[PDB]
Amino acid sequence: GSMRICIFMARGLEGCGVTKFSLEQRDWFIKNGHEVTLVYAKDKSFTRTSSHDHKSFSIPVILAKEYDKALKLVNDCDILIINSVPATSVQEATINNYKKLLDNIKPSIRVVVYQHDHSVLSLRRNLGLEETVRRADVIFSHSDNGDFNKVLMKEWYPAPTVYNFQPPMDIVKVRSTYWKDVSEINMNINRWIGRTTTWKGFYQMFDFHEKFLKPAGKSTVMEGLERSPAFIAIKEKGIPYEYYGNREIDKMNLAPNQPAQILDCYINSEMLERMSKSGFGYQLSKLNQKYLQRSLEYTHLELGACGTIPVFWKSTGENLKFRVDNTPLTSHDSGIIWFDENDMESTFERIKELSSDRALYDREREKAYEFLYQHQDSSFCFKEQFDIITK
């Protein structure tokens, strides 16, 4: 009903899914007639702060020394949406003032908390999440069976209702901006996008390239594999690769019989353009079923929306439920290739078929785009969330 919305990332602007969600959320609220202020605590900085285009509208605030500025911001809205909380690495002043903010927000402001993390390992790396949840008037999580719901919430309430949510994207806009004529897509390029955490399936991508793609003369690119501590393991296993920074992308060896070409971190818009011209995009996220309900990740949606053939993790499609009828995603003729770890041959065979038949290729991606649109477009999902928020 035409309200003022303050979207708050108290952990900081990290540049990944929480930042992307906040940006898509802002867009939806603006598109639907509401006013939005996007605020983030800058007490902690992150590598991917520039990955998304937010600087022309985001408002940074140092919780440690600008409590007053933060307080006026969060209190100048009708609905306060908190998508992240301070990390366990911040100084006492930061968590102290954050907690102080929670206590001094007008009682009338509707506080909505979205928990974006899955594993308890990540959930524990938060400070003030308990007081955040206690002040929340509405709470969303990615799964009724996840650690947030089954571990933390039971720990705090031995209780408010926790609603499920999917992180939506304006899939129409992405396509309108990057979709390419199939004739301009290089069937030899296989592009994986993700992060350096085991459940993103980087090991499986290296394995698939070594056993099927490389031998078949194809090229593999992996974007987003930052050299964080987790990357140490890739070095210890002795996996072959060629690493490139963001200022040396054009110096990437995209010829056959080459190791996987790795990119550190990417600018979202630049990646979408490269992907729109890539034969196959890979998103191998493979979370434990307990974390899956209806949520695909932004990288899943980005593949389908930009026009490449999406290659997803089978068990992920099997354990996720289509938004329209709650049926497994794998039960639909979506055009998506469900990467099978125990049978990569069939996976590569499907890829071969598509690579040699532009018509079949085009038909299949059109199916993927419409399937993904129906499943997680902002026009549907944010409306569901809005109804729950204003319930």
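Residue positions are given as counts along the sequence shown, with the first one as 1. By rigid core we mean the largest C-alpha set that fits within 1.5 Å across both forms.
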Check: Which of these two stretches, 224 to 232 or 133 to 141, has the larger RMS Cα offset in 4 other deposited structures of this protein when the rigid core is kept aligned?
Finding: 224 to 232
Check: Do the Cα atoms of 211 to 219 or those of 236 to 244 sit farther, on average, from the shown form in 4 other deposited structures of this protein after fitting on the core?
Finding: 236 to 244
Note to self: Counting only residues that lack coordinates, how big is the gap in the deposited sequence between residue 158 and residue 159? Pick none, 1 to 3, 4 to 9 or 10 or more.
What the structure shows: 10 or more
Note to self: On mean Cα temperature factor in this entry, is 197 to 205 or 76 to 84 the higher one?
What the structure shows: 197 to 205
Margin query: Comparing average C-alpha B factors as deposited, tell me which of 87 to 95 and 246 to 254 sits higher.
Written below: 246 to 254
Notebook entry, point to check: Highest Cα B-factor in the deposition, which of 213, 292, 306, 309?
Noted result: 213
Next item on the list: Pick out which of 103, 147, 137, 223 has the highest C-alpha B-factor in the PDB entry.
Entry: 103
Next item on the list: Tell me, lowest, middle or highest third: where does the Cα B factor of residue 111 rank within its chain?
Entry: lowest
Check: If you rank every modelled residue in this chain by C-alpha B factor, which third holds residue 285: lowest, middle or highest?
Finding: lowest
Notebook entry, point to check: Should residue 240 be placed in the lowest, middle or highest third of its chain by the C-alpha B factor in the entry?
Noted result: highest
Notebook entry, point to check: Which third, lowest, middle or highest, does the CA B-factor of residue 55 fall in along this chain?
Noted result: middle
Note to self: Taking only the Cα B-factors deposited for this chain, tell me whether residue 27 sits in the lowest, middle or highest third.
What the structure shows: lowest
